[PDB]
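These notes concern the structure reproduced below.
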Amino acid sequence: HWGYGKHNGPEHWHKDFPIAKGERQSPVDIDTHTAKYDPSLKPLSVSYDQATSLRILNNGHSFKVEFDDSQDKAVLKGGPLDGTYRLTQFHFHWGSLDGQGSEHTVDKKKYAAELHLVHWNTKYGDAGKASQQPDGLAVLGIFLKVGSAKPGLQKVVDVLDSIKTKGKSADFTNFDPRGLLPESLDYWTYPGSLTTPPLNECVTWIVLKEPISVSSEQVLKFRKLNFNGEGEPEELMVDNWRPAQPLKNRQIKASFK
Ligand SMILES: NS(=O)(=O)c1c(F)c(F)cc(F)c1NC1CCCCCCC1
Ligand SMILES: [Zn+2]
Numbered sequence: 004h005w006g007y008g009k010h011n012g013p014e015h016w017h018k019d020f021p022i023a024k025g026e027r028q029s030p031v032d033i034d035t036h037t038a039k040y041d042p043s044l045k046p047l048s049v050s051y052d053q054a055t056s057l058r059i060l061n062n063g064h065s066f067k068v069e070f071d072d073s074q075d076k077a078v079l080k081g082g083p084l085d086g087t088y089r090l091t092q093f094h095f096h097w098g099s100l101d102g103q104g105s106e107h108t109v110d111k112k113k114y115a116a117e118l119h120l121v122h123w124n125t127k128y129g130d131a132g133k134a135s136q137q138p139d140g141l142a143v144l145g146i147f148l149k150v151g152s153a154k155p156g157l158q159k160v161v162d163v164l165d166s167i168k169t170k171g172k173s174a175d176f177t178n179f180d181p182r183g184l185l186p187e188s189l190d191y192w193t194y195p196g197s198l199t200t201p202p203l204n205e206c207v208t209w210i211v212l213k214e215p216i217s218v219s220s221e222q223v224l225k226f227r228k229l230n231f232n233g234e235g236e237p238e239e240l241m242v243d244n245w246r247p248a249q250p251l252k253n254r255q256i257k258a259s260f261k
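So, in structure tokens, the structure goes:
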């Protein structure tokens, strides 16, 4: 099936998902100097105080933390967004070395990892339905650079040994996603897509300017995960990122300057 390898990775996806060569594909290189400040962007509101994490799982492509999105908790609103978007999961993409791993790039810079907090437009009632619509999802993307540790990430890192292989999961309650946010909410925004199959062009990307710092020990724990299931041939879960795609006719806006 699809994956991140030589024979099934990003260059191959368009065969099963022709939208791979579409007009709004993600990620992209963000040129910080041609990003257009947009005064009509409203203040960005990240309201995570009532977030309810449920479970963490290894799906064979990454790991994800699932939230209870059945109520009006953990919402993103404002910025470029119309209406209210509810948090449903977060996940990461990372590299086999610190010099790569992010999907978005900033003036060509690759970060060691990228965090995606995935929200769905409450007009659509759930995340699956939302993903079929052009305005269906908003993804808050945060870069991870290697340096000092992120204490708020440690709960995640410390359970990863329990979900090493595809199809493992564990209960994962009371994880506070506020602990993964940098100080600044300055951001870039552009219209795009899922970065994995089916590559739907349903995402309003919101990419924060300020990375978070994580430690080498934290990122090393990501790299001990496996794409395979237990009892199958070992393949380390590393380099699960799609490279930058053409911007085409789109404009990237900035919330600042
Ligand atoms: N990359 S993304 O663009 O934020 C994203 C979404 F917005 C989403 F709605 C659903 C998605 F599957 C993804 N990508 C995967 C990426 C990693 C392997 C599997 C874990 C789930 C997330
Ligand atoms: Zn992602």
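According to the entry's author numbering, the residues represented by the sequence shown are 4 to 125, 127 to 261, in order. From the three backbone atoms N, C-alpha and C, an ideal C-beta is built for every residue, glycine too.
{"query": "Ranges of the beta strand (DSSP E) found wholly within the segment 172-219, counting only runs of at least 3", "result": "173-175, 191-196, 207-212 and 216-218"}
{"query": "Residues bridged to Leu-148 (per DSSP)", "result": "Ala-116 and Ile-216"}
{"query": "Contact shell at 6 Å, judged by CB to any heavy atom of ligand 2, ordered along the chain", "result": "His-94, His-96, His-119 and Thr-199"}
{"query": "Endpoints, beta strand (DSSP E) assigned at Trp-16", "result": "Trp-16 -> not in any beta strand (DSSP E); alpha helix (DSSP H) instead, spanning 16-19."}
{"query": "Buried or exposed (CB count within 10 angstroms, at least 16 for buried), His-94", "result": "buried"}
{"query": "Contact under 8 Å by Cβ, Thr-35 with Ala-142", "result": "no"}
{"query": "Residue range of the unbroken beta strand (DSSP E) whose run includes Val-242", "result": "Careful: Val-242 lies outside any beta strand (DSSP E) and carries neither H nor E."}
{"query": "Any non-hydrogen atom of ligand 1 closer than 7 Å to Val-163 Cβ", "result": "no"}
{"query": "Simplified DSSP state of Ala-258, which is helix, strand or coil", "result": "strand"}
{"query": "Supposed close pair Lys-127, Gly-86 - CB separation, criterion 8 Å", "result": "6 Å"}
{"query": "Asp-190 versus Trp-245, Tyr-40, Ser-65 and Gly-98, residue with shortest Cα-Cα distance", "result": "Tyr-40"}
{"query": "N-terminal and C-terminal residue of the alpha helix (DSSP H) that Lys-159 is part of", "result": "158-163"}
{"query": "Segments assigned alpha helix (DSSP H), at least 4 residues, entirely inside the segment 12-72", "result": "16-19"}
{"query": "First through last residue of the beta strand (DSSP E) which encompasses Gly-81", "result": "78-82"}
{"query": "Residue burial classification, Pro-250 (beta-carbon count within 10 angstroms, cutoff 16)", "result": "exposed"}
{"query": "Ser-48 beta carbon near ligand 1 (any heavy atom closer than 7 Å)", "result": "no"}
{"query": "C-beta atoms of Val-150 and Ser-219 nearer than 8 Å", "result": "yes"}
{"query": "Three-state secondary structure assigned by DSSP to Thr-169", "result": "coil"}
{"query": "Close beta carbons around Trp-16, own chain, < 7 Å, minus the five adjacent residues each side", "result": "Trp-5, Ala-23, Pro-201 and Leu-203"}
{"query": "Straight-line gap, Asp-130 to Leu-79 (C-alpha atoms, nearest Å)", "result": "15 Å"}
{"query": "Closest by C-alpha distance to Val-242, when choosing among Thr-177, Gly-63 and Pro-21", "result": "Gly-63"}
{"query": "Rounded separation between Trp-123 and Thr-91 - CA only", "result": "7 Å"}
{"query": "Residue of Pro-181, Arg-246 and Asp-72 minimising C-alpha distance to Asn-11", "result": "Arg-246"}
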